[PDB]
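In: Got an experimental structure here, sequence first:
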Amino acid sequence: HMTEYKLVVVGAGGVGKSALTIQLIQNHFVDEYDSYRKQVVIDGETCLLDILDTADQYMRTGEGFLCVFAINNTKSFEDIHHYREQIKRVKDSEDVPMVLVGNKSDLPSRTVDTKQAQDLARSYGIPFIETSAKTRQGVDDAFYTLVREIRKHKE
Ligand SMILES: Nc1nc2c(ncn2[C@@H]2O[C@H](COP(=O)(O)OP(=O)(O)OP(O)(O)=S)[C@@H](O)[C@H]2O)c(=O)[nH]1
Ligand SMILES: [Mg+2]
């Protein structure tokens, strides 16, 4: 009686992958710190999210990917290319359900601008969502949007 969606959260160390997950799961922001399950209704469908917060089973059986960089970490952003190439290789396709997420939007020290991010997502043909795990801005949006991307690609 529920649809399972297998989601994988990728990106460089320190960008907020766990923080984003833990917000989704626990509704709490963790300052300092596997697989998680969340039941949630999305467009009137009851979904069981199965979320791997990384750092290979999930890499090959993942249905959709959150590719996360932090907006005050230029290197994280530049590393998106590597994660996305990884995903394309291990799924052997050039259109895998993916959302580009730019986290830590609450922070003032911003070195990747929103134009950079929009241009990257536009090149890849994917949504870009700005988030803060600290304030919860964008968090449900990113996960819900990924679900909707997965639905878009297949039954
Ligand atoms: N201000 C702020 N800090 C954040 C936010 N998301 C995470 N952080 C902080 O950034 C640090 C890294 O977050 P964390 O979730 O541990 O990273 P990660 O991407 O999971 O890192 P990894 O080592 O396991 S591969 C932590 O100190 C966390 O509190 C956010 O949106 N805003
Ligand atoms: Mg982590």
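Out: Received it, and whenever you're ready, just let me know what you need. Numbering: from 1, shown residues only. Ligands and ions are numbered 1, 2, ... in the order given.
In: in the chain, which spans are helices?
Out: 17-26, 57-61, 74-78, 80-91, 114-124, 139-153 (DSSP state H).
In: ok, and what's touching the second one?
Out: The reference is to helix 57-61. 6, 8, 35, 52, 86-87, 90-91 (Cβ atoms under 8 Å, 6 or more residues apart in numbering). The C-beta positions use only the backbone N, C-alpha and C, and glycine is treated the same way.
In: any chance of the residues you listed in CSV, plus distance to residue 24?
Out: Formatted as CSV, the contacts of helix 57-61 follow (distance: Cβ to Cβ, whole Å):
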residue, distance to residue 24
6, 15
8, 14
35, 13
52, 13
86, 23
87, 20
90, 24
91, 23
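In: Let me know the closest of those to ligand 1.
Out: Nearest to ligand 1 among these: residue 52, at 11.6 Å, using Cβ to the nearest ligand atom.
In: Spell out which residues of the protein are next to ligand 1.
Out: Residues of the chain lying near ligand 1 by Cβ under 6 Å from any ligand atom: 13-19, 31-33, 55, 103-104, 106-107, 132-134.
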